[PDB]
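Visitor: The structure is given below, and queries will be raised subsequently.
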Amino acid sequence: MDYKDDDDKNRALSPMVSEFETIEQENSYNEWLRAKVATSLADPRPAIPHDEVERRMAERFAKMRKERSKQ
């Protein structure tokens with residue numbers, strides 16, 4: 001019973017010249033940027049909740065307020 005480790009670094013055979021002391025930080029920058037840049041120059045499904053969608057997202061944040069990470 002365990003996940004999130006199969007291909008976490010995912011073929012990090014020198015993941016481009018950079019700070020070789022930290023793969024985790026570079027991964028964090030890549031993962032976040034690649035996810036966010038998918039919204040860049042593209043307008044497919046930008047989840048921008050104003051009225052009714054926000055109150056739905058609010059439901060998630062509400063139940064997320066209880067119990068952060070019991071692990």
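Here, A, B, ... name the chains of the structure tokens in the order displayed, residue numbers run from 1 inside each chain, and ligands are numbered from 1 in the same displayed order.
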Please report as JSON lines every residue of segment 10-49 of chain A lying within 12 Å of segment 56-60 of chain A, along with the nearest atom pair and their distance in Å (one decimal), using only C-alpha atoms.
Guide:
{"residue": "A:47", "atom": "CA", "partner": "A:57", "partner_atom": "CA", "distance": 10.0}
{"residue": "A:48", "atom": "CA", "partner": "A:57", "partner_atom": "CA", "distance": 10.2}
{"residue": "A:49", "atom": "CA", "partner": "A:57", "partner_atom": "CA", "distance": 7.7}
Visitor: Can you measure atom CA of residue 40 of chain A to atom CA of residue 15 of chain A for me? One decimal in Å is fine.
Guide: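 Taking atom CA of residue 40 of chain A as the start and atom CA of residue 15 of chain A as the end point, the length is 23.0 Å.
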Visitor: Excluding segment 21-35 of chain A and residues on its chain fewer than 5 positions from it, collect all residues at most 9 Å away from it, counting only C-alpha atoms, and give them as number ranges by chain.
Guide: A: 8-9, 12, 15
Visitor: What separation in Å, quoted to one decimal, exists between atom CA of residue 3 of chain A and atom CA of residue 69 of chain A?
Guide: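 The value is 15.6 Å.
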Visitor: Record the distance separating atom CA of residue 53 of chain A and atom CA of residue 68 of chain A, expressed in Å with one decimal.
Guide: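 So the answer is 22.9 Å.
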Visitor: DSSP on the backbone, then: every residue of chain A marked helix (DSSP H, G or I), written as a list in words.
Guide: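 The residues of chain A classed as helix (DSSP H, G or I) are residues 23, 24, 25, 26, 27, 28, 29, 30, 31, 32, 33, 34, 35, 36, 52, 53, 54, 55, 56, 57, 58, 59, 60, 61, 62, 63 and 64 of chain A.
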Visitor: Let me see the file: selected residues, N, CA and C atoms, as a PDB file, in the first residue's frame.
Guide:
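For reference, out.pdb as written:
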ATOM      1  N   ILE A  23      17.673  17.970  -7.233  1.00  0.00           N
ATOM      2  CA  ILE A  23      16.775  17.514  -8.276  1.00  0.00           C
ATOM      3  C   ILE A  23      15.338  17.860  -7.902  1.00  0.00           C
ATOM      4  N   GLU A  24      15.039  17.745  -6.611  1.00  0.00           N
ATOM      5  CA  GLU A  24      13.697  17.985  -6.090  1.00  0.00           C
ATOM      6  C   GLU A  24      13.196  19.386  -6.422  1.00  0.00           C
ATOM      7  N   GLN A  25      14.035  20.393  -6.194  1.00  0.00           N
ATOM      8  CA  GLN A  25      13.650  21.769  -6.481  1.00  0.00           C
ATOM      9  C   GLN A  25      13.399  21.959  -7.968  1.00  0.00           C
ATOM     10  N   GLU A  26      14.301  21.436  -8.791  1.00  0.00           N
ATOM     11  CA  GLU A  26      14.164  21.546 -10.237  1.00  0.00           C
ATOM     12  C   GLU A  26      12.892  20.848 -10.705  1.00  0.00           C
ATOM     13  N   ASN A  27      12.613  19.683 -10.128  1.00  0.00           N
ATOM     14  CA  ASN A  27      11.380  18.963 -10.426  1.00  0.00           C
ATOM     15  C   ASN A  27      10.173  19.813 -10.053  1.00  0.00           C
ATOM     16  N   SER A  28      10.224  20.425  -8.876  1.00  0.00           N
ATOM     17  CA  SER A  28       9.129  21.260  -8.402  1.00  0.00           C
ATOM     18  C   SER A  28       8.879  22.418  -9.366  1.00  0.00           C
ATOM     19  N   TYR A  29       9.956  23.036  -9.843  1.00  0.00           N
ATOM     20  CA  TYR A  29       9.839  24.138 -10.789  1.00  0.00           C
ATOM     21  C   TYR A  29       9.266  23.659 -12.117  1.00  0.00           C
ATOM     22  N   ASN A  30       9.713  22.491 -12.569  1.00  0.00           N
ATOM     23  CA  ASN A  30       9.261  21.940 -13.844  1.00  0.00           C
ATOM     24  C   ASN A  30       7.803  21.506 -13.766  1.00  0.00           C
ATOM     25  N   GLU A  31       7.463  20.738 -12.734  1.00  0.00           N
ATOM     26  CA  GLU A  31       6.100  20.238 -12.558  1.00  0.00           C
ATOM     27  C   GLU A  31       5.092  21.378 -12.503  1.00  0.00           C
ATOM     28  N   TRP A  32       5.396  22.388 -11.700  1.00  0.00           N
ATOM     29  CA  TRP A  32       4.492  23.513 -11.522  1.00  0.00           C
ATOM     30  C   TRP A  32       4.400  24.348 -12.794  1.00  0.00           C
ATOM     31  N   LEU A  33       5.543  24.596 -13.423  1.00  0.00           N
ATOM     32  CA  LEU A  33       5.581  25.431 -14.617  1.00  0.00           C
ATOM     33  C   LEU A  33       4.868  24.746 -15.774  1.00  0.00           C
ATOM     34  N   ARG A  34       5.150  23.464 -15.968  1.00  0.00           N
ATOM     35  CA  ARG A  34       4.551  22.701 -17.060  1.00  0.00           C
ATOM     36  C   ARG A  34       3.032  22.620 -16.907  1.00  0.00           C
ATOM     37  N   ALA A  35       2.566  22.569 -15.666  1.00  0.00           N
ATOM     38  CA  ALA A  35       1.138  22.519 -15.393  1.00  0.00           C
ATOM     39  C   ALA A  35       0.493  23.870 -15.660  1.00  0.00           C
ATOM     40  N   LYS A  36       1.175  24.925 -15.244  1.00  0.00           N
ATOM     41  CA  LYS A  36       0.649  26.274 -15.370  1.00  0.00           C
ATOM     42  C   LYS A  36       0.757  26.774 -16.814  1.00  0.00           C
ATOM     43  N   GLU A  52     -21.283  30.682  -9.162  1.00  0.00           N
ATOM     44  CA  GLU A  52     -21.821  29.373  -8.815  1.00  0.00           C
ATOM     45  C   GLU A  52     -20.730  28.328  -8.749  1.00  0.00           C
ATOM     46  N   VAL A  53     -19.708  28.492  -9.559  1.00  0.00           N
ATOM     47  CA  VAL A  53     -18.604  27.556  -9.545  1.00  0.00           C
ATOM     48  C   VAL A  53     -17.742  27.793  -8.309  1.00  0.00           C
ATOM     49  N   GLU A  54     -17.630  29.052  -7.899  1.00  0.00           N
ATOM     50  CA  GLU A  54     -16.813  29.396  -6.738  1.00  0.00           C
ATOM     51  C   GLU A  54     -17.432  28.847  -5.466  1.00  0.00           C
ATOM     52  N   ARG A  55     -18.751  28.909  -5.375  1.00  0.00           N
ATOM     53  CA  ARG A  55     -19.448  28.387  -4.211  1.00  0.00           C
ATOM     54  C   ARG A  55     -19.321  26.866  -4.157  1.00  0.00           C
ATOM     55  N   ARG A  56     -19.071  26.256  -5.315  1.00  0.00           N
ATOM     56  CA  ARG A  56     -18.846  24.817  -5.392  1.00  0.00           C
ATOM     57  C   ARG A  56     -17.424  24.488  -4.949  1.00  0.00           C
ATOM     58  N   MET A  57     -16.469  25.290  -5.404  1.00  0.00           N
ATOM     59  CA  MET A  57     -15.083  25.159  -4.962  1.00  0.00           C
ATOM     60  C   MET A  57     -14.974  25.454  -3.471  1.00  0.00           C
ATOM     61  N   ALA A  58     -15.794  26.390  -3.009  1.00  0.00           N
ATOM     62  CA  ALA A  58     -15.856  26.746  -1.601  1.00  0.00           C
ATOM     63  C   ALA A  58     -16.217  25.539  -0.747  1.00  0.00           C
ATOM     64  N   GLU A  59     -17.068  24.673  -1.286  1.00  0.00           N
ATOM     65  CA  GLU A  59     -17.457  23.447  -0.599  1.00  0.00           C
ATOM     66  C   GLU A  59     -16.232  22.576  -0.345  1.00  0.00           C
ATOM     67  N   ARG A  60     -15.356  22.511  -1.338  1.00  0.00           N
ATOM     68  CA  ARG A  60     -14.133  21.734  -1.234  1.00  0.00           C
ATOM     69  C   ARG A  60     -13.211  22.325  -0.173  1.00  0.00           C
ATOM     70  N   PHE A  61     -13.011  23.636  -0.226  1.00  0.00           N
ATOM     71  CA  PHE A  61     -12.143  24.312   0.728  1.00  0.00           C
ATOM     72  C   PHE A  61     -12.705  24.204   2.142  1.00  0.00           C
ATOM     73  N   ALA A  62     -14.028  24.188   2.244  1.00  0.00           N
ATOM     74  CA  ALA A  62     -14.700  24.068   3.529  1.00  0.00           C
ATOM     75  C   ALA A  62     -14.384  22.735   4.198  1.00  0.00           C
ATOM     76  N   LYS A  63     -14.533  21.640   3.459  1.00  0.00           N
ATOM     77  CA  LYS A  63     -14.267  20.318   4.013  1.00  0.00           C
ATOM     78  C   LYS A  63     -12.765  20.057   4.108  1.00  0.00           C
ATOM     79  N   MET A  64     -11.993  20.847   3.376  1.00  0.00           N
ATOM     80  CA  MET A  64     -10.539  20.761   3.418  1.00  0.00           C
ATOM     81  C   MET A  64     -10.013  21.477   4.657  1.00  0.00           C
TER      82      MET A  64
END
